[PDB]
Amino acid sequence: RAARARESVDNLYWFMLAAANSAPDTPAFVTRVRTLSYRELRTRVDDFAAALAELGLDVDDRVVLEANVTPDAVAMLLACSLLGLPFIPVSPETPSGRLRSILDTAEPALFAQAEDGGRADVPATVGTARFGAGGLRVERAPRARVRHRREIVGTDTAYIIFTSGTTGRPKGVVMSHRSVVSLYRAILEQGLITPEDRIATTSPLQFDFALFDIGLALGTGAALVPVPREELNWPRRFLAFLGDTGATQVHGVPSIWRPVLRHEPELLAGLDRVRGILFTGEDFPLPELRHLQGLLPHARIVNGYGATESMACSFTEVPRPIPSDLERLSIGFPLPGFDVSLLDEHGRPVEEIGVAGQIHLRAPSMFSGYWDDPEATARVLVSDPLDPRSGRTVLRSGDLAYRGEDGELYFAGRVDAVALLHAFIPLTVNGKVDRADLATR
Amino acid sequence: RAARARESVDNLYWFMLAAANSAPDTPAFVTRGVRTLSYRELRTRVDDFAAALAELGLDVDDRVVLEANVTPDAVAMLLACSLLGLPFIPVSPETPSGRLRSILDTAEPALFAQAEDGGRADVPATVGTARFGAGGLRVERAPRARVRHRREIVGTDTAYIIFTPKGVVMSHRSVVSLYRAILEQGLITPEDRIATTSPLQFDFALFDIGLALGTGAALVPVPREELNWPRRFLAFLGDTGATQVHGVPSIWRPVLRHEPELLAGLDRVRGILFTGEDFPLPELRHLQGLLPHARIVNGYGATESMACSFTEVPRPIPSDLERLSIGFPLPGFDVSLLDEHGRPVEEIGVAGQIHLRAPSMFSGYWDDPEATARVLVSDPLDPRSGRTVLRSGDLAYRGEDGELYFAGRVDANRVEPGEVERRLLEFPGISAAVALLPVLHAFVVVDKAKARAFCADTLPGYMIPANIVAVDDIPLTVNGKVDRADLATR
Ligand SMILES: Nc1ncnc2c1ncn2[C@@H]1O[C@H](COS(=O)(=O)NC(=O)C[C@H](N)c2ccccc2)[C@@H](O)[C@H]1O
Ligand SMILES: Nc1ncnc2c1ncn2[C@@H]1O[C@H](COS(=O)(=O)NC(=O)C[C@H](N)c2ccccc2)[C@@H](O)[C@H]1O
Ligand SMILES: [Ca+2]
Ligand SMILES: [Ca+2]
C-alpha cells in the first residue's frame, strides 16, 4: 500500500542502485579490509524500505537519519528515497539542543540511528528506530496517519540540510530528487571518476559534500571508502587507512590535510594509489596546496565550488604545477547546463575583466526553498535580473566573483563581509574555520 | 559568440533530433503527391536556420514570434530558436491583427518571423522581421544591436511562451519532462504516422511534434483547408498513411454527420487522441463504432503543465456511461483534490479543485507575478518545504479505483452547465450540447418543448434552459474549442 518512486522518475534509489543491474558483484563500499557489493547494498535498501513502509508514513514525511557515512546510513537514505520520505542527515556530534531545534521545526515522523548509537531522549512525539545489517528495529512506532499522496514525483523532497543561518534562524535547504540527480548527471558528464576508482570520503553525512561523494561514486559504479571521523585527528592512522583500502581519490575540506602536512608529509608522499584529490567548503591556503601538490605530484587536485542551495556549481583542476606568481585559485566554468551572471549592486551585468560582482546561478539542481522560511527564500531565489518578466528564478548566491581573460571565475568572498572583523585553527563539525569561535576572543 | 545548448542539457533541439543519430534516413514528416522529409534533412534545415538566427546577435531569453502553422519549416525554426535559447512565441496566421499587435506590445520580442508567402505586414519598427522558407531565413529589418550577457544555455531556460493577455512561460526541462513521461506509456512507435490538426499556437501541436519526433515517428501536418471538408480530410489521412489522428473532438463532427461510411474505411488508423474539452459521448460512441480497431485516448491537462493524464476510453464505451474518466496522472505526476480550505477531499464522488505536482510545470505568467502567485502555490499538504503545485482551476471527483472525472472549471443560485448539457445529450437525436448564461440558452447539434420537459424532469427549475436552439455545427475558436462567446452574441 505504500507509494514507491517508479524506475523512470528522478529518484536517488534508481540513480544510485542502477549499478546493481550492470555490475552487481562490483564493490559499492570498502570498510576496515571488507568490501560490500552493489547487490548486497540493494538488498539492505530493499530490507530497510520494507520495514519503513510498515510504519504508514505519507510522502513528504521526514526521517531524521543520525549517522556518519556508513553502508547502513546510505541504505537508509536510499530506502527513504524510494518511499518519497525526505531524509534529514544529522551528525552524532550534534549537540542535543540543536537536534531538538531541528525536531521542533522539521516535525519528522521518525528519528533513526545506528544500532550502537548514543542518542537518548528524542521527544515522545517522534518515532524512534535503529538500523544495522540486522535490519531496521522500530523502538517507538510513529503516530497513526492518513496517507493522502498517490504518486511520488521527481520534484518531491529528497533531503533537507539543516544549519544555523546567518540570522539566528535554523536554515533548512530543501532539495528535490530531480535537483540532486541533475547535479550527479552533470558531474558524471565531466568524467572525474571511473568504476575502478575508490573514493575516500571524509565529510560528515549532514554536509552535502558527503551526499556529493555518495552519489558521485554509486552513480559511476565506483566504490565509496568512508573514512571514520576519528582517524582524521590521527595523521598516521588516516594515511594508513587510505593505503590499506586502496583509495584512488581523497575528498574533504582543506582542513583534512593540515594535520598530515605538519606531522607526516613523508608518509603522504607514500600513497602511490591516489590519482585525485577533491576539496570544497572554503579557500585552500596556497602554501598548504603547493605543499600537498609537491608531495603527490602524480595526483589531480579539483577545486569544487558551490553552495548547498544547488549542491554544487563548478569543478576546476588546479594547474600542475601551481604557478609561482598565482594570486588566487580559479573556480573555472560552471558545469555543462549551469550558468553564472556577475551582477553589480543594482543587478547590472559586470562586463569588465577583473571586476567583482555578485554570482547569480542558473542551474538544473536548484533547492525548492528554505524550510518554513518563505521571506528568506524570496531574497535568495529571485526573478532573473536579465529576464525579470518570464518568472524564471536564479540563485542570488551572496558570493562575489570576478572573471579573467578566458571568462574563468575567481571567488572574491561573501557580500556579507585567518583574519577577522585581528589575525590568527578551531574547526566546525563540517571542517570549516569556526570563524564564530575565533570572533569570541 | 552565439550560445548553443550542449548535448547534455534538456533542450527541444537535442530531444527532437536524437532520431537524426539513430535513424537519419527514417521519415520525420509526410507532406502533400506524397513526400517524406528524413530526420537528417530536417536537422540540416534546423542547423541552417540556427546559423542565420545566430548572425542577428540575440541574447539567450530574447523572444522570437513564430507566425506559422505546423510545417517542416516552422518546426525547423522552433528547434533553431531552441538550440540558441531564444524562446519562441507561436502565433497562427489566422489570428486577427488586433491580437498579434497585443502580443507584440506585451512580449516585446527581438524578432518576428513568418513564412515567405506569409500574409502579415503591420509590425512595429521596434521589432525585427524575417521570413523563412525554401532556401532559408531572409532578414528584412535586423533586430536592435545588443550585448550578449548569457554565457551558457541551461534546462530551466524558456523554450516557448503561449499567449491568450496571458503568457504561459515554459522551460525546456518542463516540456522534455512531459515528452519523457508520455514516451514511458508507449502510445506511439517509430512505425507510426501522427496526423496533427492543432494550430501551432496551441501546445497540442507542440505535444504532437515532440511526441512524434521524440519517438522517431513521422509527423503528418493536416493543413486547416484539408480539415474543413470531410471527404478531403479522409482522402488526406488515407493518401499519407496516417496511423494516429490527433485533434480536439470537433475535427470528427463534419465527418460523423456527412461521411461515416468513408471514415469506417480508414483501415491504417490504429489510434486517435483528443484534448481541449469533453468529447460529447454520442459522437465519441459513433466514432468508436465506425473504427473498432482504433484505440481512442482522452488527453487531459492545461498549458501550465502541457498535460497531466492520458486515459484510453473503454472499448466499447458503455451506452449508460455518464462521464468519460481522465484516469490517472502520468508516471511522475500526482493530483490532490482539495476543498475551498485546501483540505484533502477523501470521499468518492465529491468534487474538489485539482492540485497538480508535475516535472513539467510552467515558470510563470509573462509579466504577471500576481496571477503566478494565485496559480503556482505552496503545496497545501507540505506548505513549509516551499515545493509549488498548480492550483488548476479545474474541478474533479474520484471513482472507487481513484480514477479522476473532470467536473468543469471553478470559473463556470448556481448553474452547473456541464450537468445541463450532459442531460440534453440523453435526449435522442442530440449529438452535442453547449449551455451558457439574465437567461440560460442551450444550443444542440441534431421538438423544443420535449427537450425542455425532458430537462424539467431530472433538473431544478433555475437549471432548465429558457431557450433551446437546434444548430448544424458549433462555432469553433482558432484552437478548435467551442466558441462560447460567438453563441452568446447570437
Ligand atoms: N571552492 C571553494 N572555494 C572557496 N570557497 C568555497 C568553495 N566552495 C564553496 N565555498 C564557500 O562555501 C559556500 C558554500 O557553503 S555550503 O553551502 O555549506 N556548501 C559547501 O560548503 C560545499 C557544497 N555544498 C559543495 C558540495 C560538493 C561539491 C562542491 C560543492 C560558498 O558559498 C562559498 O562561500
Ligand atoms: N480531456 C479533457 N477533458 C475535459 N476538459 C479538458 C480536457 N483537456 C483539457 N480540458 C479543459 O481545458 C483546460 C486546458 O486548456 S488549455 O490550457 O488550453 N490546454 C489544452 O486544452 C491542451 C493541453 N495543453 C494538452 C495538450 C496536449 C496533450 C494533452 C493536453 C483544462 O483546464 C480544462 O478546463
Ligand atoms: Ca535578457
Ligand atoms: Ca504531508
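In terms of determination method and resolution, the entry is listed under X-ray crystallography at 2.4500 Å.

Under the PDB entry, chain B has the name Putative ATP-dependent b-aminoacyl-ACP synthetase and belongs to Embleya scabrispora. As deposited in the PDB, this entry carries the title "Crystal structure of HitB in complex with (S)-beta-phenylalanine sulfamoyladenosine".

In the nomenclature of the PDB entry, chain A is known as Putative ATP-dependent b-aminoacyl-ACP synthetase of Embleya scabrispora.

Caption draft 1: Region of the structure containing the site of ligand 1. All names here are of chain A. Taken together, 20 residues are adjacent to ligand 1, and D208, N303, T308, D399 and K432 come closest. A distance of 3.4 Å separates a nitrogen atom of ligand 1 from a polar atom in the side chain of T280. One nitrogen or oxygen atom from the main chain of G304 is found 2.9 Å from a nitrogen atom belonging to ligand 1. Expressed as a share of its isolated accessible area of 670 Å², the protein-covered part of ligand 1 is 91%. Elements with a minimum of two residues in the shell around ligand 1: α7 (208–220), β14 (300–305) and β21 (409–414). Top element by residues in the shell around ligand 1 is β14. It accounts for three residues. When its residues are assigned to classes, the shell around ligand 1 shows eight nonpolar, six polar and six charged. Domain assignment of the residues forming the shell around ligand 1 places at least three in each of domain 2 (179–336) and domain 3 (339–414).

Caption draft 2: Structural context of the domain arrangement of chain B. Here chain B is described as being made up of domain 1 (12–171) and domain 2 (417–489). Computed from C-alpha atoms alone, the centre-to-centre distance between domain 1 of chain B and domain 2 of chain B is 41 Å.

Caption draft 3: Spatial organisation of the UniProt feature "binding site: Ca(2+)" (unreviewed entry) in chain A. The residues that UniProt annotates with the feature "binding site: Ca(2+)" (unreviewed entry) are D60 and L386 of chain A. Across 327 residues, the annotated set is spatially dispersed, with a maximum C-alpha separation of 33.9 Å. Here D60 of chain A is to be found in the loop between α3 (38–53) and β3 (63–66). On the basis of relative accessible area, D60 of chain A is assigned to the buried category, the value being 10%. Along the chain, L386 of chain A falls in the loop between β19 (381–383) and β20 (393–403). Residue classification places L386 of chain A among the buried positions, given a relative accessible area of 18%. In this view, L386 of chain A contacts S341, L343, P349 and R362 of chain A together with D61, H149 and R150 of chain B; residues no more than four positions away in its chain are not counted.

Caption draft 4: Representation of the pairing of strand β6 (residues 128–133) of chain B within the structure. All names here are of chain B. When you tally the buried positions in β6, you get six out of six residues, the bulk of the element. Burial along β6 is two-sided: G128, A130 and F132 and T129, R131 and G133, pointing in opposite directions, are all buried. Both strand β5 (residues 111–115) and β6 contribute to a ladder of five bridges, which runs parallel. Residue pairing across strands places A113 opposite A130, the latter belonging to β6. Sheet topology note: the β6/strand β7 (residues 136–141) ladder contains five bridges and is antiparallel. Opposite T129, over in β7, you have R141 as the bridge partner. The hairpin turn running from β6 into β7, its antiparallel successor, is two residues long, and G135 in that turn takes a positive phi close to 90°.

Caption draft 5: Structural detail: the coordination of the calcium ion (ligand 4). Within the first shell, the calcium ion (ligand 4) binds the protein through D60 of chain A (OD), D60 of chain A (OD) and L381 of chain B (O), at distances of 2.5 to 2.6 Å. One end of the pair, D60 of chain A, is in the loop between α3 and β3; the other, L381 of chain B, is in the loop between β19 (376–378) and β20 (388–398), on a second chain. Considered together, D60 of chain A and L381 of chain B belong to a single accessibility category, that of buried residues.

Caption draft 6: Focus on helix α11 (residues 286–295) of chain A. For α11 of chain A, the complete set of buried residues consists of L286, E288, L289, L292, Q293 and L295 of chain A. Its buried side turned inward, α11 of chain A meets α9 (258–263), α10 (265–268), β13 (276–279) and β14 of chain A.

Caption draft 7: Structural detail: the packing of aromatic side chains. Scanning all chains against the criterion turns up 25 aromatic pairs over all chains. Centre to centre, the rings of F238 of chain A and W257 of chain A are 6.3 Å apart; their planes meet at 40°, and the pair counts as tilted. With a gap of 19 residues between them, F238 of chain A in helix α8 (residues 235–245) and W257 of chain A in the loop between β12 (249–251) and α9 connect regions that are remote in the sequence. The exposure class of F238 of chain A is buried, given its relative accessible area of 0%. We classify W257 of chain A as buried; its relative accessible area is 1%. Pairing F207 of chain B with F310 of chain B gives two aromatic rings, centres 5.2 Å apart and planes at 15°, and the pair type is stacked. With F207 of chain B in helix α7 (residues 203–215) and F310 of chain B in strand β15 (residues 309–312), this residue pair connects regions lying 103 residues apart in the sequence. Here the two residues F207 of chain B and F310 of chain B agree in accessibility, since each one is buried.

Caption draft 8: Focus on the sheet that holds strand β23 (residues 441–445) of chain B. Residue and element names in this part refer to chain B. Within the open sheet, the three strands sit side by side as β22-β23-β24. Their pairing is mixed. Two strands close off the open sheet at either side, each with one partner strand: β22 (432–436) and β24 (467–471). Between one strand and the next, the sheet's axes are offset by a mean angle of 20°, whatever the strand orientation. The pairing of β22 with β23 spans five bridges and is antiparallel.

Basis of the calculations
- Residues numbered from 1 in each chain as written, not as in the entry; some residues may be left out.
- Chains lettered and ligands numbered in written order.
- Heavy atoms only, no water.
- Near = heavy atom within 4 Å.
- Polar contact = N/O pair within 3.5 Å; in protein donor to acceptor, adjacent residues only side chain to side chain.
- Areas by Shrake-Rupley, 256 points an atom, 1.4 Å probe, with all protein chains shown as cover.
- Helix = DSSP H or I, 4+ residues; strand = E, 2+ residues; numbered from the N terminus.
- Nonpolar A, V, L, I, M, F, W, Y, C, P; charged D, E, K, R; others polar.
- Domains from an automatic or database assignment.
- UniProt positions renumbered as here; feature names shortened; annotations may be inferred.
- Buried < 20%, exposed > 50% of the residue type's maximum accessible area, 1.4 Å probe, protein only.
- Contact = heavy atoms within 4.5 Å.
- Pairing = 2+ DSSP bridges.
- Donors = N, O, S within 2.8 Å, 3.2 Å for Na, K, Ca; no water.
- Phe/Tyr/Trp six-rings, centres within 6.5 Å; stacked < 30°, edge-to-face > 60°.
- Axes fitted to C-alpha atoms, helices over the stretch in contact; angles between N-to-C directions.

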